[PDB]
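Contents: one structure, followed by commentary.
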Amino acid sequence: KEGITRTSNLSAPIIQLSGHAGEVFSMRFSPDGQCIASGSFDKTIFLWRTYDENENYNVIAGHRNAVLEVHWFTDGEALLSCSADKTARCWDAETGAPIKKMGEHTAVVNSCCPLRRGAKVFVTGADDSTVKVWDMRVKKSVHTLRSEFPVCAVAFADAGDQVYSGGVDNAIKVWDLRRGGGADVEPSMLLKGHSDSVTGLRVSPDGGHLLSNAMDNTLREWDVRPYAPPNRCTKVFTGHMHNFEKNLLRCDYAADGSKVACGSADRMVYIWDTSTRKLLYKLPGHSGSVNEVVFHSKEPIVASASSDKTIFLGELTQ
Amino acid sequence: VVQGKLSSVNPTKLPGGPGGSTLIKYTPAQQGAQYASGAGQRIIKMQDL
Amino acid sequence: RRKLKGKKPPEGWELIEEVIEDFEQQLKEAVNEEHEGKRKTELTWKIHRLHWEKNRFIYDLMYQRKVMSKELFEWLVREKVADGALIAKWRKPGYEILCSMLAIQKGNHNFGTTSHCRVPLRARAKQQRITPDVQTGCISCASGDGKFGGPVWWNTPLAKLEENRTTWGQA
Amino acid sequence: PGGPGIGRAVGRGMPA
Amino acid sequence: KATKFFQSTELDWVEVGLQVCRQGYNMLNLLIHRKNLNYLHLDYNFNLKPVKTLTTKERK
Amino acid sequence: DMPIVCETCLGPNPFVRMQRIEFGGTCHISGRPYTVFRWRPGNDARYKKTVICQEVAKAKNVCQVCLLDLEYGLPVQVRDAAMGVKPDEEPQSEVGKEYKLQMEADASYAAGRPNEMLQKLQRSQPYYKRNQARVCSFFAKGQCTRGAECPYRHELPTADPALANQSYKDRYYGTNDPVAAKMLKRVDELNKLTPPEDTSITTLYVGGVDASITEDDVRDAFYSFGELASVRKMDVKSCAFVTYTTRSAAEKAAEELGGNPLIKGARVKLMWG
Amino acid sequence: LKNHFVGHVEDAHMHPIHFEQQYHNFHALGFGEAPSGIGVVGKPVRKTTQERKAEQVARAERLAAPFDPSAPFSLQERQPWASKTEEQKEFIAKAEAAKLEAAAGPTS
Amino acid sequence: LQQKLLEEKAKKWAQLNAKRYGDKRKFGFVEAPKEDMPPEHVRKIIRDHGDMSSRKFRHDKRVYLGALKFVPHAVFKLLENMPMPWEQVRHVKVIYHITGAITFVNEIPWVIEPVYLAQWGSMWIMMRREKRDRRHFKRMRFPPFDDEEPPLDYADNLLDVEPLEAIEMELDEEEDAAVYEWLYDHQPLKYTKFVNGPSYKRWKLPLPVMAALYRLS
RNA sequence: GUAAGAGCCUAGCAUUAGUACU
Ligand SMILES: [Zn+2]
Ligand SMILES: [Zn+2]
Ligand SMILES: [Zn+2]
């Protein structure tokens, strides 16, 4: 009955992931697309399989406060967790052991992004208005830039030399780390056009486009190509929501650059078609503000995480 | 059903603490700019005493 | 009784002994007062205020003047003369004139809150700005709110310090 | 080291 | 002890025992005077005495 | 899972902390143990609790707290009168009432046009002053020591002495509910435009008419209730003369259009011309 | 087609700061945020450095007080706090005495 | 913006990320267990709800009757915690209902067992000395109080009576020197290095101590 | 002689909702 074109191998087209005991603040799909890293407010990371049971086969603990942001490392076996307990942590996924815990920040480490081409290096931007760059094998932080306003969202560019940081200061900045080996570098690019804070930053699958979610209830698409018009602003999306919760609401690109998914505070999973700049999917089902949405590496699968201690995991039909 | 009949009807079960707050979003039948002082919906903290 | 049985009290006890015994006599007569003509909730208000003032004498000497010895204070706590938990609290930042340990027990309150007296009188609404807590009789033990160094109790004019609290001193 | 997680199939609820 | 309806102190044992005795007396007399058996009383040494000479209906 | 409540009996705050006392009371009508809800509507409020079962609430579309109807906020009489519906058949007995309930378990208020009558006789803004402390019974007797601190209203009771004895079951069912009685006697007077001792005055005065209402518009108004002898405008007063040919037609026109009808929006008054 | 009876009841999940903060921005202040995310609701109805300093002054002043290790402490005030319109109610109570005493023609 | 607003906007985001992830606010947080009251609190609650025969405490009668199914427990808990012949007073931990309906002794009589046998062996000895040496042993009358009088008020009658000497053996100093300054304490070594700690599990006693204990016992 | 009940007068258990004006 109803036989509507099963896309994925998942048992069902809509799967809810439960087992957390707090808000789920950020999630991430394995590069090989058969793992889930879910970081909750309960300062814990659930590791789920994407197929055949959706088994949370490991719960990694070790943060003393909410694990606000999780990415995987480029090979998928090491995990980068960032928290409110001022401590970013590198873990081994298969094992259940923590590898390297760096806690150099003074306040909540809101945002992080690990570099996708090059060395094992990740940026982390926290409440101290400082965006710091962290190389894996040294135990000191390799870079430290100081804005004046608490850093909400940070990303490392496709190519690996600049860092994007956006926060409460109404303008997102692009900085050059090789241009800066000093302790008070000044910003390279000032993307303006959001009318208040930025909450989430995603680097496009080609690297020319940066996605910014703003509590300006606006998704904005900028181009980072060093040869741009005077206004790097390309696209605007309307539809999602930000409320008094001021949660860390993020961005994502479909693995093809064809869709863009935002987490919203109206409990809705929003998925726009980037081209027509209009709303493809408006999926309900979450009882709390939708914190981050992640598109599965291979298939059109979208998985969302909410402040309702669950994660919906399903495929898109049209 | 059997555990309802066992526990609910068993009285030696020591009574205890307060059933925690559950939030709900309640959207009324009648919402006008005078009801909830011009707000649309209500969040209710449901606290079991 | 506990202090009066057997053992000796450490050195210093002769200074605080008459005051402590006065506070115990006041509590003894508060327990014996009559309750006709006053709310059921106000039975223990005088007991709570007196317990506060007694432990505030012990606190005043042990940590504000520091004229009390660590071994004398530890004796008073051990022999139940001092409320060790409440004096311990008054040391915490923000709990400096806390009226009672009941006021910040959160299983104690319907909504899992502290009591409305812990809330700075400014940030409260006129309904919860002149009503004393039903258990302790404290209107405001928020640090910052305190008249005369203590809480704002049921009858604390928001008069003169001498007319509103016991004023031990060393005459 | 299976953790305290489950995944169950559920429709997404709708408000109307 | 966790319930908001119980508090805690340290009391002389003899005091708690006087308490426990008065409380059991109060409970049993509330049970008597709740069953409307206002012709019986429990005295302080826990003897249930009829304050009258009872009919068989009352005795029942 | 949520009370069925008058949205006045939730006060101005869009956020509500409410206590949920499951098995906290007996329904004041079905005598049934049910889940009570208690809350403070606002900062000037008291703590109100639900008074009836959730079912017994949603049967007669009344609030669980005030027992007033849910759409219009008027007692169950005034709404049943304007609904024109039969007297309550529901059994007053509790053996009967519980039998009716256990029946309806095992197996008309939402589909009515908004009655103008009820709308005419309802409050525009919410009676928040219904969510407020009772009156200090020690202030009445002059013996209140609590001063301004009293959580109870420091005023005296100013109430009809036949009122202040209202019955739950009667305010829920609709029998001798003195408040709705007062209200219907009010509407009885307002529906009572005095037909004067002069029998032959066959004209009705139409005052307060805003200018965009024309004489044939008020003719379209008054033609229904009888033949018109003559209609006369004067916008200087914003008023009108309307004489009929039969007295009973002007009686019809007073009786239907005495309780302040609005012709094409204008709040207009009628008098015996 | 609705969920509850008189409206739609929907589960919610926030962090607990947010309920309380909004409930008390409106609750106490009169005016707060709409829980729907649509604007704000209703109509509106610290500490220092010299004053902070002067309180530190009074603290150090109580510290400057001489302590006599010979002298025991006494209790001077010893319980000062413990020993501690009317017109309409006068007229009403007059009416009460009236209806009280009143609580206690034929022709041809 | 221009720090004419961005100051307070940034500060508000700062304080809200502070409050949202506090230690009072975080996940595994447990609230601290209830502290003791002053004893005058229950003393007055129980004195005022005296015989539950006033109108003021009438809505308490339900719960008072409801306390009855717990009155065996309270009895057991009181009687397991009764002082021992060498104690004059035992202060005892107690949970009480907020109305004064039941009081439970919230204690267990944990003894270091060699110490407890030394204590009751002393009792044996001294009791037999007294039955021997005493001209007339007058036994208590039972019931100690008569059927009609209401149980005493502790506050009024016993709170400021200085007790009396309990039964204690005059321990030979220089021979009982090991167990001498503490044999007749309630829990004799509770704050020494010879017990795990004040929770009074796990004693560990030296050799001359156990020798005196075995001798007295 | 049971002892049951009907009633009469006087007869102290539960409740917290509701009080408007063109
Ligand atoms: Zn207080
Ligand atoms: Zn209502
Ligand atoms: Zn009053």
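Per chain, numbering begins at 1; letters A, B, ... match sequence-line order.
- Ranked by how close their nearest RNA chain I nucleotide is to the 5' end, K182(F) and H59(H) are led by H59(H).
- Taking only side-chain atoms of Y168(F), from C-beta outward, the nucleotide of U15(I), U19(I), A20(I) with the closest atom is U15(I).
- Within the structure, the side chain to side chain donor-acceptor pair (under 3.5 Å) test picks out the following pairs touching residues 57-68 of chain F (sequence neighbours left out): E55(F)-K58(F).
- Scored by the salt bridge (charged side-chain N to carboxylate O under 4.0 Å, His left out) test, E94(F) finds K169(F) as partners (sequence neighbours excluded).
- In this structure, CD of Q132(F) is placed 11 Å from P of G18(I), rounded to the nearest angstrom.
- One atom, CD1 of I29(F), and another, P of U15(I), lie 14 Å apart when rounded to the nearest Å.
- A sub-4.0 Å separation between OP1 or OP2 of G18(I) and a side-chain N or O of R171(F) is absent.
- Residue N165(F) is classed as a base contact, given a heavy-atom separation below 4.0 Å to a base.
- Atom CZ in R123(F) sits about 6 Å away from atom P in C21(I), given to the nearest Å.
- Applying the ring-ring contact (aromatic ring centres under 6.0 Å, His included) test to residues at least two apart or on different chains, the pairs with a partner in residues 165-187 of chain F are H28(F)-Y168(F).
- For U10(I), the sign convention on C1'-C2'-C3'-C4' gives a north pucker, since the angle is positive.
- Donor-acceptor pairing under 3.5 Å is lacking for the side chains of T99(H) and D60(H).
- Regarding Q166(F), its CD atom lies at a distance of 13 Å from the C1' atom of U16(I), rounded to whole Å.
- Taking the six-membered ring where the residue is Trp, the centroids of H33(E) and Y39(E) are separated by 6.0 Å or more.
- Computed from coordinates, the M117(F) CE to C21(I) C1' distance equals 13 Å when rounded to whole Å.
- A cation-pi geometry, defined here as NZ or CZ lying under 6.0 Å from the six-membered ring centre and within 45° of its normal, does not hold between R134(F) and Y152(F).
- Here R134(F) reaches the OP1 or OP2 of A17(I): one of its side-chain N or O atoms lies under 4.0 Å away.
- The local environment of NZ in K61(H) is sparse, with at most 12 non-hydrogen atoms from other residues, nucleotides or ligands closer than 6.0 Å.
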Listing time: all N or O pairs from protein to nucleotides 4-8 of chain I that are below 3.5 Å?
none

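- Interface residues of residues 36-54 of chain F facing RNA chain I, ordered by number: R46(F), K48(F), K49(F), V51(F); criterion, heavy-atom separation under 4.0 Å.
- As rounded to whole Å, 13 Å separates atom P of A17(I) from atom CD of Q64(F).
- Counting to the nearest Å, the P atom of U19(I) and the CG atom of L121(F) are 14 Å from each other.
- The separation between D160(F) atom CG and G18(I) atom P is 17 Å, rounded to whole Å.
- Here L67(F) lies out of heavy-atom contact (under 4.0 Å) with every strand.
- The base of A14(I) sits with one of its N or O atoms less than 3.5 Å from a complementary donor or acceptor on the side chain of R58(H).
- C9(F) comes within 4.0 angstrom of sugar-phosphate atoms only, judged by non-hydrogen atoms across all strands, and of no base.
- In this model, the phosphate group of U16(I) is approached by a side-chain N or O of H28(F) to a distance below 4.0 Å at OP1 or OP2.
- Remark: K49(E) NZ is packed, more than 12 non-hydrogen atoms of other residues, nucleotides or ligands lying under 6.0 Å away.
- Under the ring-ring contact (aromatic ring centres under 6.0 Å, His included) criterion, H97(H) pairs with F6(E), sequence neighbours left out.
- At a threshold of 4.0 angstrom between heavy atoms, the contacts of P75(F) include nucleobase atoms, whether or not backbone atoms are also involved.
- Atom NZ of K237(F) has 12 or fewer neighbouring heavy atoms from other residues, nucleotides or ligands inside a 6.0 Å radius.
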